[PDB]
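Beneath this line is the structure, given in structure tokens, with notes to follow.
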Amino acid sequence: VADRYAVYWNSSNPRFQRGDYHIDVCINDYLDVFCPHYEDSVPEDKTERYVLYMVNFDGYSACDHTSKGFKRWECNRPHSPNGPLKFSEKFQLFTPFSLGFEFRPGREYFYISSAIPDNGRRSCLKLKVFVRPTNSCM
Amino acid sequence: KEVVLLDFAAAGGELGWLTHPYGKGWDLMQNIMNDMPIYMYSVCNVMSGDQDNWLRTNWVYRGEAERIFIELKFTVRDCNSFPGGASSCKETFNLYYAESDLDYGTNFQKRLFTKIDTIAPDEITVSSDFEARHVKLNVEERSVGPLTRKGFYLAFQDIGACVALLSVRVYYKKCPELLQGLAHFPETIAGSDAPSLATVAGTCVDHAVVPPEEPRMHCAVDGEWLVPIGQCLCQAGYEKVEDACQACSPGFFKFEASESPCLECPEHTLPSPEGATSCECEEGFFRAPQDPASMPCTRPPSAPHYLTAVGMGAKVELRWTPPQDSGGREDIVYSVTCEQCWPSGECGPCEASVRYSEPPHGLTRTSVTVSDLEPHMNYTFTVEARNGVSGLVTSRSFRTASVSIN
Ligand SMILES: *[C@@H]1O[C@H](CO)[C@@H](O[C@@H]2O[C@H](CO)[C@@H](O[C@@H]3O[C@H](CO)[C@@H](O)[C@H](O)[C@H]3NC(C)=O)[C@H](O)[C@H]2NC(C)=O)[C@H](O)[C@H]1NC(C)=O
Ligand SMILES: *[C@@H]1O[C@H](CO)[C@@H](O)[C@H](O)[C@H]1NC(C)=O
């Protein structure tokens with residue numbers, strides 16, 4: 001966990017259920033984001049499904065994905081075959097895809113979720129990500 | 001038709017090919033697109049100057065293929081749309097290849113490769129195709145031959161550029177299994193040289209064959225067939241149908257080896273069964289030794305319709321009309337005979353002492369003139385209408401008359 005930072009995105013998480021979950025990655029480090037995985041012994045209603053979004057500060061703040069912000073990942077598979085549905089991100093300065101996204105060293109970035117079943121439209125989950133600067137990664 | 005050795009595209013991003021050097025070079029991203037999930041193998045060390053970033057496809061088993069067809073899809077980003085912009089970057093990378101007889105696993109060897117082309121973009125993603133989120137995608141293509149060894153590798157070189165491998169897709173080429181004119185042709189594999197014409201012996205479908213020219217086909221490098229030489233014909237009793245060869249209906253036939261269908265049974269002829277060579281003849285009708293079995297059923301000719309004998313002067317002119325039933329033919333030959341019933345009474349055939357103006361038997365005319373005669377005689381005469389089938393008959397057919405001169 002020196003290049004690759006992992007996080008499992010399910011309501012039953014003690015860092016998220018707080019509200020200030022936040023992390024420190026470096027330029028060229030990854031961010032694996034594992035959805036809520038469910039054994040076939042889960043009755044559909046108790047299966048968490050979300051829709052990940054990459055937004056800014058405001059977007060991070062008022063849990064609002066309508067104004068501005070990307071839609072980056074999607075946990076519609078609570079029943080994925082080989083372990084949990086993975087959604088990865090690399091914090092590299094520069095990206096050769098219109099698709100992809102770029103990451104500045106010593107800015108911070110923000111991610112937020114809204115359940116696919118839609119459940120209680122007011123609060124929600126959220127990660128903050130600070131980028132250690134050019135030379136504070138060691 | 002094409003046969004595929006590889007499609008990183010549709011591998012739902014689970015292939016993961018060896019990178020080099022040890023993960024500091026090429027990298028794999030996921031990403032949304034058209035709402036569906038897609039993965040790419042990208043690099044972007046424009047800055048780090050001295051490069052050499054390889055990315056090496058697994059191990060493709062050769063198979064039958066001898067010239068393989070590589071087809072990469074990819075976006076390349078522009079070098080002026082970089083803000084820092086350290087101008088050691090580019091938009092050209094390198095395609096390679098390795099023949100091996102044994103997956104070297106995750107052993108890797110640069111020198112071991114030879115290079116195909118330096119692929120480059122037909123569309124640079126520039127600082128604007130970003131703001132909009134515009135996807136400047138490249139389809140470029142190449143291939144190489146011919147491939148001798150068990151199995152081969154691709155692999156890519158990056159000298160510092162902002163590339164991003166969307167699709168690798170490898171496939172080769174065979175010419176479709178084919179029915180073309182009563183010969184069957186394999187499905188069979190193209191080949192390496194550029195004017196390489198596959199020569200493929202055809203084989204004749206059920207019921208058909210070669211008259212002398214051979215059935216043959218020509219298979220190109222693009223997996224196409226080309227110079228139809230020859231054919232096969234629906235044989236003795238069968239008629240070509242579609243690309244089949246169906247038998248001759250109820251009451252038809254086909255005698256020889258022909259491009260022609262089934263001629264319906266002629267006349268005087270019994271409603272043949274299924275697929276009859278020559279048509280079956282009716283009781284009371286015939287055919288000759290030099291006859292076609294198309295030339296219907298015939299019978300010997302009825303006797304001249306009309307007989308007379310004009311005793312014109314001293315020489316009797318013979319004059320007779322042609323038969324009322326030809327026997328459906330046009331090949332009748334009149335044969336004529338003679339006698340001497342003298343009154344006296346003793347009857348008895350002529351003497352060659354008499355003279356004519358034409359030979360006795362086989363007459364394509366209806367008249368002659370008998371000079372050299374004996375005044376006073378029930379001079380009996382008889383002409384006969386005979387054709388060609390007039391030998392499958394003892395039962396004669398003739399007509400007769402008599403004359404006496406003075
Ligand atoms: C919701 O969140 C829970 C807490 O965040 C998850 O609990 C985690 O499950 C992980 C995997 O199921 C565990 O990580 C594993 O650790 C073991 C031993 O260290 C390793 O063998 C595994 O490699 C590793 N992960 C993998 C990929 O197998 C965590 O230990 C555990 N974390 C905690 C603190 O509870 C739940 O799994 C998750 N539930 C749902 C519904 O998604
Ligand atoms: C010969 O001529 C007679 C007439 O005298 C005719 O009736 C007869 O047909 C002829 N002979 C025979 C064979 O009857």
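In the structure tokens, chains take letters A, B, ... by order of appearance, with residues numbered from 1 within each chain and ligands from 1 in the order shown.
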
Residues of region 118-232 of chain B in alpha helix (DSSP H), written as a tab-separated table (two decimals) with C-alpha atoms, in the first residue's frame:
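In the end it all went to part03.tsv:
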```tsv
chain	number	residue	atom	x	y	z
B	128	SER	CA	-9.30	21.17	-27.68
B	129	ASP	CA	-10.49	17.57	-28.25
B	130	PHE	CA	-10.14	17.50	-24.47
B	131	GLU	CA	-12.31	20.37	-23.29
```

May I have the residues of chain A within 8 Å of chain B, counting only C-alpha atoms, written as an mmCIF file with N, CA and C atoms, in the first residue's frame?
```
data_model
loop_
_atom_site.group_PDB
_atom_site.id
_atom_site.type_symbol
_atom_site.label_atom_id
_atom_site.label_comp_id
_atom_site.auth_asym_id
_atom_site.auth_seq_id
_atom_site.Cartn_x
_atom_site.Cartn_y
_atom_site.Cartn_z
ATOM 1 N N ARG A 72 -17.588 8.690 -13.114
ATOM 2 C CA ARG A 72 -16.398 7.878 -13.374
ATOM 3 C C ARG A 72 -16.550 6.360 -13.203
ATOM 4 N N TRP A 73 -17.304 5.913 -12.199
ATOM 5 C CA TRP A 73 -17.451 4.473 -11.957
ATOM 6 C C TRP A 73 -18.903 4.091 -11.645
ATOM 7 N N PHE A 87 -12.942 -0.695 -9.377
ATOM 8 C CA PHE A 87 -12.818 0.546 -10.149
ATOM 9 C C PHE A 87 -11.567 1.301 -9.735
ATOM 10 N N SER A 88 -10.598 1.352 -10.643
ATOM 11 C CA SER A 88 -9.271 1.864 -10.327
ATOM 12 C C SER A 88 -9.041 3.277 -10.852
ATOM 13 N N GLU A 89 -8.094 3.968 -10.226
ATOM 14 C CA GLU A 89 -7.683 5.292 -10.653
ATOM 15 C C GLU A 89 -6.179 5.465 -10.413
ATOM 16 N N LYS A 90 -5.497 6.064 -11.387
ATOM 17 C CA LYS A 90 -4.064 6.335 -11.302
ATOM 18 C C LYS A 90 -3.849 7.845 -11.236
ATOM 19 N N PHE A 94 -0.640 13.362 -16.355
ATOM 20 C CA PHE A 94 -1.048 13.605 -17.718
ATOM 21 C C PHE A 94 -1.640 12.366 -18.410
ATOM 22 N N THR A 95 -2.753 12.567 -19.117
ATOM 23 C CA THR A 95 -3.537 11.485 -19.741
ATOM 24 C C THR A 95 -3.761 11.617 -21.270
ATOM 25 N N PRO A 96 -3.364 10.590 -22.054
ATOM 26 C CA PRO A 96 -3.606 10.577 -23.509
ATOM 27 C C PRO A 96 -4.993 10.082 -23.934
ATOM 28 N N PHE A 97 -6.024 10.333 -23.136
ATOM 29 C CA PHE A 97 -7.391 10.055 -23.557
ATOM 30 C C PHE A 97 -8.261 11.207 -23.161
ATOM 31 N N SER A 98 -9.164 11.592 -24.051
ATOM 32 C CA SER A 98 -10.179 12.562 -23.693
ATOM 33 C C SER A 98 -10.925 11.978 -22.505
ATOM 34 N N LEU A 99 -11.348 10.733 -22.665
ATOM 35 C CA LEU A 99 -11.883 9.951 -21.570
ATOM 36 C C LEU A 99 -11.167 10.269 -20.253
ATOM 37 N N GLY A 100 -9.963 9.732 -20.085
ATOM 38 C CA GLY A 100 -9.233 9.810 -18.823
ATOM 39 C C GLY A 100 -9.264 11.121 -18.050
#
```

Using only C-alpha atoms, determine which residues lie at most 9 Å from residue 79 (chain A), disregarding the query and same-chain residues fewer than 3 positions distant; provide the list as number ranges by chain.
A: 37-40, 47, 76, 83-85

Write out the residues from the selection above, keeping C-alpha atoms, as a compact mmCIF listing (two decimals), in the first residue's frame.
```
# COMPACT_ATOMS: atom_id res chain seq x y z
CA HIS A 37 -19.75 -7.23 -2.85
CA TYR A 38 -22.55 -9.63 -1.98
CA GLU A 39 -22.66 -13.40 -1.69
CA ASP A 40 -25.66 -14.84 -3.60
CA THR A 47 -27.58 -5.14 -1.83
CA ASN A 76 -24.42 -2.01 -10.68
CA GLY A 83 -14.59 -11.07 -6.00
CA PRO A 84 -15.69 -7.42 -5.84
CA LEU A 85 -16.36 -5.11 -8.79
```

Which residues form the shell of 9 Å around ligand 2 when you count only C-alpha atoms and all ligand atoms, given as a PyMOL selection string?
chain B and resi 341+343+347+377-380+401-403

Return as a ChimeraX atom specification every polymer residue, whether protein, DNA or RNA, with at least one atom no more than 8 Å from an atom of ligand 1; count only C-alpha atoms and all ligand atoms.
/A:7-14,34-38,47-48,83-84

Selection to disk with C-alpha atoms, as a compact mmCIF listing (two decimals), in the first residue's frame:
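See result-v2.txt below for the written result:
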```txt
# COMPACT_ATOMS: atom_id res chain seq x y z
CA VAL A 7 -10.89 1.31 -0.24
CA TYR A 8 -14.10 -0.77 -0.09
CA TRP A 9 -17.17 1.38 -0.70
CA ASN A 10 -20.02 -0.07 1.36
CA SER A 11 -22.12 1.77 3.97
CA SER A 12 -20.71 -0.46 6.73
CA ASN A 13 -17.38 1.34 6.71
CA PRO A 14 -16.07 3.15 9.84
CA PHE A 34 -13.96 -1.86 -4.43
CA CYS A 35 -17.75 -1.84 -4.57
CA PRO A 36 -20.06 -3.50 -2.06
CA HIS A 37 -19.75 -7.23 -2.85
CA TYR A 38 -22.55 -9.63 -1.98
CA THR A 47 -27.58 -5.14 -1.83
CA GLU A 48 -25.83 -1.78 -2.03
CA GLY A 83 -14.59 -11.07 -6.00
CA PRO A 84 -15.69 -7.42 -5.84
```

Surrounding residues of region 189-198 of chain B excluding itself and chain neighbours under 5 positions, 6 Å, only C-alpha atoms, as a PDB file with C-alpha atoms, in the first residue's frame:
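Saved result, part_11.pdb, follows:
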```
ATOM      1  CA  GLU B  66       1.336 -17.728 -42.556  1.00  0.00           C
ATOM      2  CA  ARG B  67       0.694 -13.999 -43.024  1.00  0.00           C
ATOM      3  CA  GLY B 145       4.836 -12.797 -43.370  1.00  0.00           C
ATOM      4  CA  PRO B 146       5.516 -15.551 -43.727  1.00  0.00           C
ATOM      5  CA  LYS B 173      -7.185 -15.254 -43.999  1.00  0.00           C
ATOM      6  CA  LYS B 174      -8.812 -18.218 -45.675  1.00  0.00           C
ATOM      7  CA  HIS B 218      -7.630 -19.730 -57.486  1.00  0.00           C
ATOM      8  CA  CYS B 219      -7.299 -18.454 -53.898  1.00  0.00           C
ATOM      9  CA  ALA B 220      -5.786 -14.989 -53.245  1.00  0.00           C
ATOM     10  CA  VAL B 221      -3.924 -13.347 -50.320  1.00  0.00           C
ATOM     11  CA  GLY B 223      -8.951 -14.666 -48.743  1.00  0.00           C
TER      12      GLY B 223
END
```
